[PDB]
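S.K.: This is work.txt (compact mmCIF, C-alpha atoms and all ligand atoms).
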```txt
# COMPACT_ATOMS: atom_id res chain seq x y z
CA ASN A 5 11.44 -33.93 39.48
CA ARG A 6 11.13 -32.92 35.81
CA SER A 7 13.33 -30.63 33.81
CA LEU A 8 12.30 -27.03 34.23
CA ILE A 9 11.43 -24.95 31.19
CA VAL A 10 13.66 -21.87 31.09
CA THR A 11 12.69 -18.88 28.96
CA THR A 12 15.27 -16.45 27.72
CA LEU A 13 16.41 -14.17 24.91
CA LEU A 14 19.74 -13.34 23.23
CA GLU A 15 21.61 -10.51 24.93
CA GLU A 16 25.36 -10.07 25.07
CA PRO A 17 27.04 -11.01 27.28
CA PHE A 18 24.19 -12.58 29.22
CA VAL A 19 22.83 -15.20 26.77
CA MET A 20 24.50 -15.85 23.40
CA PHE A 21 24.82 -18.45 20.68
CA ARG A 22 27.99 -20.28 21.31
CA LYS A 23 30.46 -20.47 18.40
CA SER A 24 30.98 -23.83 16.64
CA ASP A 25 31.71 -25.63 13.35
CA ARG A 26 29.06 -28.20 14.37
CA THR A 27 25.39 -27.37 14.26
CA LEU A 28 24.43 -27.15 17.93
CA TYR A 29 21.19 -28.13 19.59
CA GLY A 30 19.55 -28.12 23.02
CA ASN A 31 21.10 -26.28 25.94
CA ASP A 32 24.55 -26.59 24.36
CA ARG A 33 23.67 -23.79 21.89
CA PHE A 34 23.94 -21.12 24.63
CA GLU A 35 26.66 -19.51 26.73
CA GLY A 36 27.09 -16.33 28.78
CA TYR A 37 26.75 -14.87 32.26
CA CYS A 38 23.14 -16.09 32.74
CA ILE A 39 24.02 -19.54 31.46
CA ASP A 40 26.90 -19.70 33.91
CA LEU A 41 24.48 -18.55 36.63
CA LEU A 42 21.85 -21.08 35.58
CA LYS A 43 24.44 -23.89 35.68
CA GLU A 44 25.50 -22.99 39.24
CA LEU A 45 21.89 -22.84 40.47
CA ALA A 46 21.17 -26.19 38.81
CA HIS A 47 24.24 -27.70 40.45
CA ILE A 48 23.50 -26.30 43.91
CA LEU A 49 19.75 -27.07 43.79
CA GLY A 50 19.83 -30.33 41.82
CA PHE A 51 17.55 -29.56 38.88
CA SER A 52 17.77 -29.84 35.10
CA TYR A 53 16.29 -27.62 32.50
CA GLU A 54 15.51 -27.03 28.89
CA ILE A 55 16.29 -23.55 27.55
CA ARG A 56 13.86 -21.91 25.07
CA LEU A 57 14.04 -18.56 23.35
CA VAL A 58 10.91 -16.43 23.93
CA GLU A 59 9.08 -16.18 20.61
CA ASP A 60 8.46 -12.41 20.53
CA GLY A 61 11.99 -11.59 21.63
CA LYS A 62 10.73 -9.18 24.31
CA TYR A 63 11.33 -8.83 28.04
CA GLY A 64 7.76 -7.79 28.71
CA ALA A 65 5.37 -4.84 29.04
CA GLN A 66 1.61 -4.22 29.28
CA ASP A 67 -0.47 -2.98 26.35
CA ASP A 68 -3.36 -0.49 26.61
CA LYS A 69 -5.76 -3.27 27.60
CA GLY A 70 -3.33 -4.40 30.34
CA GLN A 71 -2.11 -7.54 28.54
CA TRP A 72 1.55 -8.59 28.88
CA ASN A 73 4.04 -9.84 26.33
CA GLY A 74 7.61 -11.12 26.34
CA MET A 75 9.09 -13.42 28.97
CA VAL A 76 6.72 -11.92 31.55
CA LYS A 77 3.79 -13.32 29.61
CA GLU A 78 5.51 -16.75 29.37
CA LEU A 79 5.62 -16.88 33.16
CA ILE A 80 2.05 -15.65 33.53
CA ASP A 81 0.82 -18.38 31.19
CA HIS A 82 2.99 -20.98 32.94
CA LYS A 83 4.67 -21.87 29.65
CA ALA A 84 8.01 -21.51 31.46
CA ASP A 85 9.09 -22.21 35.04
CA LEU A 86 11.94 -19.69 35.08
CA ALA A 87 12.97 -16.60 33.18
CA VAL A 88 16.77 -16.54 33.18
CA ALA A 89 17.93 -13.26 31.60
CA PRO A 90 18.89 -9.69 32.46
CA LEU A 91 15.27 -9.18 33.59
CA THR A 92 14.72 -6.00 35.59
CA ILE A 93 12.80 -6.38 38.83
CA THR A 94 10.12 -3.77 38.99
CA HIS A 95 7.08 -3.12 41.15
CA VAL A 96 4.77 -2.91 38.10
CA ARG A 97 5.89 -6.42 37.10
CA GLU A 98 5.60 -7.91 40.62
CA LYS A 99 1.93 -7.42 39.93
CA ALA A 100 2.05 -10.29 37.37
CA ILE A 101 5.07 -12.42 38.21
CA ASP A 102 7.50 -12.96 41.11
CA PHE A 103 11.32 -12.49 41.26
CA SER A 104 14.30 -14.00 42.99
CA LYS A 105 16.37 -11.60 45.05
CA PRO A 106 18.60 -9.62 42.61
CA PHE A 107 21.75 -11.21 41.19
CA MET A 108 23.09 -7.92 39.80
CA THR A 109 22.56 -4.21 40.56
CA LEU A 110 22.38 -1.55 37.87
CA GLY A 111 20.81 1.75 36.83
CA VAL A 112 19.40 3.57 33.84
CA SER A 113 21.92 5.90 32.16
CA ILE A 114 22.66 7.30 28.70
CA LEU A 115 24.62 5.78 25.79
CA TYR A 116 25.80 8.35 23.22
CA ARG A 117 28.65 9.06 20.80
CA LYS A 118 31.62 11.12 22.11
CA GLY A 119 31.14 14.56 20.65
CA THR A 120 28.43 16.96 21.77
CA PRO A 121 29.43 17.47 25.39
CA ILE A 122 26.11 16.78 26.99
CA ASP A 123 26.60 15.87 30.62
CA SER A 124 23.10 14.74 31.60
CA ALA A 125 19.52 13.66 30.90
CA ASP A 126 18.27 17.18 31.55
CA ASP A 127 20.18 18.30 28.47
CA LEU A 128 18.44 15.79 26.24
CA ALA A 129 14.98 16.57 27.54
CA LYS A 130 15.19 20.28 26.73
CA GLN A 131 15.80 19.80 22.99
CA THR A 132 15.05 17.68 19.91
CA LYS A 133 18.06 17.91 17.56
CA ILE A 134 19.48 14.85 19.28
CA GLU A 135 16.82 12.19 19.18
CA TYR A 136 16.74 9.68 22.04
CA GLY A 137 14.78 6.60 23.02
CA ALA A 138 14.83 3.14 24.57
CA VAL A 139 14.18 -0.54 23.85
CA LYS A 140 10.52 -1.23 23.16
CA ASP A 141 8.61 -3.01 25.87
CA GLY A 142 11.48 -3.07 28.32
CA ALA A 143 11.98 -1.80 31.87
CA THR A 144 13.69 1.39 30.78
CA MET A 145 10.80 2.45 28.51
CA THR A 146 8.26 1.67 31.21
CA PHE A 147 10.26 3.62 33.78
CA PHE A 148 9.90 6.71 31.64
CA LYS A 149 6.27 6.02 30.82
CA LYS A 150 5.39 5.78 34.54
CA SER A 151 7.66 8.52 35.92
CA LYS A 152 6.35 11.53 37.79
CA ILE A 153 9.73 13.23 37.70
CA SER A 154 9.29 16.41 35.58
CA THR A 155 12.32 15.80 33.35
CA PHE A 156 11.53 12.13 32.53
CA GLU A 157 7.94 13.11 31.85
CA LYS A 158 9.32 15.49 29.25
CA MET A 159 11.39 12.68 27.80
CA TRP A 160 8.52 10.18 27.56
CA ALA A 161 6.42 12.76 25.77
CA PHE A 162 9.20 13.06 23.21
CA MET A 163 9.93 9.34 22.87
CA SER A 164 6.29 8.40 22.37
CA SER A 165 5.61 11.00 19.60
CA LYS A 166 8.69 10.06 17.61
CA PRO A 167 8.05 6.89 15.51
CA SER A 168 11.32 4.97 15.69
CA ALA A 169 12.75 6.46 18.88
CA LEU A 170 11.98 3.18 20.62
CA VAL A 171 13.97 0.34 19.15
CA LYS A 172 13.37 -3.39 18.89
CA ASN A 173 16.50 -4.34 20.88
CA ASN A 174 19.96 -3.29 22.02
CA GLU A 175 21.68 -4.33 18.85
CA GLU A 176 19.38 -2.02 16.89
CA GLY A 177 19.72 0.75 19.49
CA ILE A 178 23.50 0.66 19.62
CA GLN A 179 23.70 0.77 15.86
CA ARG A 180 21.45 3.82 15.85
CA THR A 181 23.78 5.68 18.22
CA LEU A 182 26.65 4.85 15.87
CA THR A 183 24.94 5.93 12.64
CA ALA A 184 22.58 8.70 13.68
CA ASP A 185 22.61 11.58 16.10
CA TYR A 186 20.80 9.45 18.64
CA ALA A 187 21.13 8.70 22.34
CA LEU A 188 19.98 5.38 23.82
CA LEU A 189 18.49 5.09 27.31
CA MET A 190 20.02 1.91 28.53
CA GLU A 191 21.02 -0.03 31.67
CA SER A 192 24.45 0.75 33.11
CA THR A 193 26.16 -2.60 33.29
CA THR A 194 25.29 -3.02 29.61
CA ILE A 195 26.61 0.50 28.84
CA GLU A 196 29.73 -0.56 30.59
CA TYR A 197 30.21 -3.63 28.36
CA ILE A 198 29.46 -1.69 25.16
CA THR A 199 31.68 1.31 25.81
CA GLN A 200 34.66 -0.97 26.55
CA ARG A 201 34.26 -2.38 23.05
CA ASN A 202 33.00 0.60 21.09
CA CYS A 203 35.47 3.43 21.75
CA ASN A 204 33.42 6.13 20.10
CA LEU A 205 30.45 5.56 22.45
CA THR A 206 30.37 6.79 26.03
CA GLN A 207 28.17 6.94 29.06
CA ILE A 208 26.58 10.33 29.59
CA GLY A 209 26.08 11.28 33.20
CA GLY A 210 25.76 8.95 36.13
CA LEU A 211 23.01 6.60 37.14
CA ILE A 212 19.53 8.09 37.12
CA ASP A 213 18.05 5.30 39.26
CA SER A 214 18.93 2.08 41.00
CA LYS A 215 17.52 -1.42 40.52
CA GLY A 216 18.24 -5.14 40.11
CA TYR A 217 18.15 -8.10 37.80
CA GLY A 218 16.36 -11.15 39.13
CA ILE A 219 15.16 -14.54 38.01
CA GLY A 220 11.46 -14.38 37.10
CA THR A 221 8.97 -17.02 38.12
CA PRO A 222 5.24 -17.54 37.91
CA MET A 223 3.55 -16.04 40.95
CA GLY A 224 3.75 -18.60 43.81
CA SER A 225 6.46 -20.72 42.14
CA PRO A 226 7.92 -23.43 44.43
CA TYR A 227 11.43 -22.80 43.03
CA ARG A 228 11.65 -19.10 43.76
CA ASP A 229 12.67 -19.33 47.45
CA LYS A 230 15.23 -22.02 46.69
CA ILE A 231 16.73 -19.85 43.90
CA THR A 232 16.91 -16.82 46.19
CA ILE A 233 18.91 -18.63 48.85
CA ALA A 234 21.30 -20.00 46.30
CA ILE A 235 21.76 -16.54 44.81
CA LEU A 236 22.34 -15.02 48.26
CA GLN A 237 25.01 -17.64 48.93
CA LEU A 238 26.73 -17.00 45.62
CA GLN A 239 27.01 -13.29 46.48
CA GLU A 240 28.40 -13.87 49.97
CA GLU A 241 31.37 -15.56 48.39
CA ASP A 242 31.85 -12.87 45.69
CA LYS A 243 31.14 -15.45 42.99
CA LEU A 244 28.76 -13.28 41.05
CA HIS A 245 31.37 -10.54 41.09
CA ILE A 246 33.92 -12.99 39.67
CA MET A 247 31.43 -14.26 37.12
CA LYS A 248 30.77 -10.77 35.88
CA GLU A 249 34.47 -9.97 35.59
CA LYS A 250 34.72 -13.11 33.45
CA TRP A 251 32.16 -11.95 30.82
CA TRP A 252 32.90 -8.20 30.95
CA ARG A 253 36.67 -8.85 30.80
CA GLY A 254 37.67 -7.11 27.57
CA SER A 255 40.29 -5.16 25.66
CA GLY A 256 40.17 -1.55 26.79
CA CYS A 257 39.63 1.83 25.16
CA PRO A 258 42.09 4.74 24.88
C1 LIG B 301 20.52 -5.90 29.48
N1 LIG B 301 19.43 -5.87 28.48
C2 LIG B 301 19.16 -4.70 27.86
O1 LIG B 301 19.75 -3.62 28.06
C3 LIG B 301 18.02 -4.80 26.85
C4 LIG B 301 16.81 -3.95 27.22
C5 LIG B 301 16.58 -3.83 28.75
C6 LIG B 301 15.61 -4.90 29.29
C7 LIG B 301 15.22 -4.70 30.78
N2 LIG B 301 16.26 -5.19 31.69
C8 LIG B 301 13.90 -5.40 31.11
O2 LIG B 301 13.93 -6.25 32.04
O3 LIG B 301 12.88 -5.08 30.44
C9 LIG B 301 16.08 -2.41 29.03
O4 LIG B 301 14.85 -2.21 28.82
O5 LIG B 301 16.94 -1.59 29.42
CL CL B 302 15.05 -21.97 21.58
K K B 303 27.52 -23.69 14.13
K K B 304 15.82 -33.85 36.73
```
Could the structure of this file be written out as structure tokens, please?
Ligand SMILES: CNC(=O)CC[C@H](C[C@H](N)C(=O)O)C(=O)O
Ligand SMILES: [Cl-]
Ligand SMILES: [K+]
Ligand SMILES: [K+]
M.R.:
Amino acid sequence: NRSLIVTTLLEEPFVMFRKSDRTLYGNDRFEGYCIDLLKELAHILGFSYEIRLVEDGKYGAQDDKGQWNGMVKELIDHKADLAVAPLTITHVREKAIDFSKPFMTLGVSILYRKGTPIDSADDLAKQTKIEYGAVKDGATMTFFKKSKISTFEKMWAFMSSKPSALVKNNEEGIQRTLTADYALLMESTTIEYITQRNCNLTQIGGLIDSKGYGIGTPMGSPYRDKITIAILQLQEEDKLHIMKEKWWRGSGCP
């Protein structure tokens, strides 16, 4: 009956500061695919919300003692009711929080400058001249850390010995690919957005795995089921496809 606390972080084109001459405040500060999604869920389900940026700016991972951070920790501590963001649904996380059914499907792939004609992950793993890494404390990093696939094991070994291989966020990571001989391990629908706008960057290879984004909730949340059905209904009508086209719609690359 109360407004729901929504945790998030800034990530183009999912959650961004809207442009204005005015100083903005409250929910009005934000726009993007997840905000559009949040509005539709709120309309369909009849709830209100207050959006808050997660203080540590992280999605969430476990430390050596097994303690979480990021939005995942916000849910665990019940400081937020929902995590509305491009939050990857993973089995390791389902151990701490719950998820709606996925609202978007994606996979891990490679972002790299057009040039050295690498064609796959295997090529990166067998060398060190081209450094590579991932966003710290995100799903992609954790995927590598936990993998039993020989190649990805080789990659994690490399990433974790190399001090700045793992970057604070996408913005930092993308910049590194543009200024250093560096490849970023990143999620594919994001790679898609970036390579349409940065014509010297490209995706290398295809998708190495396949997973989903979902809305996070505290374990046992009373909103989770209701969110899932609304999401399912949005997909049936191709609305999430249309919504994506809206925010990915950009000026192409020769
Ligand atoms: C769409 N957001 C990003 O690419 C930022 C980092 C992401 C965050 C990831 N979806 C996660 O849930 O931890 C990643 O680790 O690949
Ligand atoms: Cl905030
Ligand atoms: K402003
Ligand atoms: K209300």
S.K.: For the interface of segment 136-242 of chain A with segment 23-39 of chain A (cut-off 12 Å, counting all atoms listed in the file), please tabulate each contacting residue of segment 136-242 of chain A alongside its nearest pair of atoms and their separation in Å to one decimal, rows sorted by chain and increasing number, as a tab-separated table.
M.R.:
```
residue	atom	partner	partner_atom	distance
A:217	CA	A:38	CA	10.7
A:218	CA	A:38	CA	10.5
A:219	CA	A:38	CA	9.7
```
S.K.: When the cut-off is 7 Å and you count only C-alpha atoms and all ligand atoms, which residues lie near ligand K 304 (chain B), shown as a VMD selection string?
M.R.: chain A and resid 5 to 7 51 to 52
S.K.: Around (22.8, 7.2, 42.4), as given in the file, which residues come within 10 Å? Count only C-alpha atoms and list them as an MDAnalysis selection string.
M.R.: chainID A and resid 110:112 210:214
S.K.: Would you kindly identify which residues have an atom no farther than 10 Å from (8.0, -13.3, 29.5), using all atoms listed in the file and the file's own coordinates, and write them out as an MDAnalysis selection string?
M.R.: chainID A and resid 11:13 58:65 72:84 86:87 91 101 220:222
S.K.: Of the residues A:115, A:57, A:48, A:42, which is the one nearest to residue 15 of chain A, using only C-alpha atoms?
M.R.: A:57
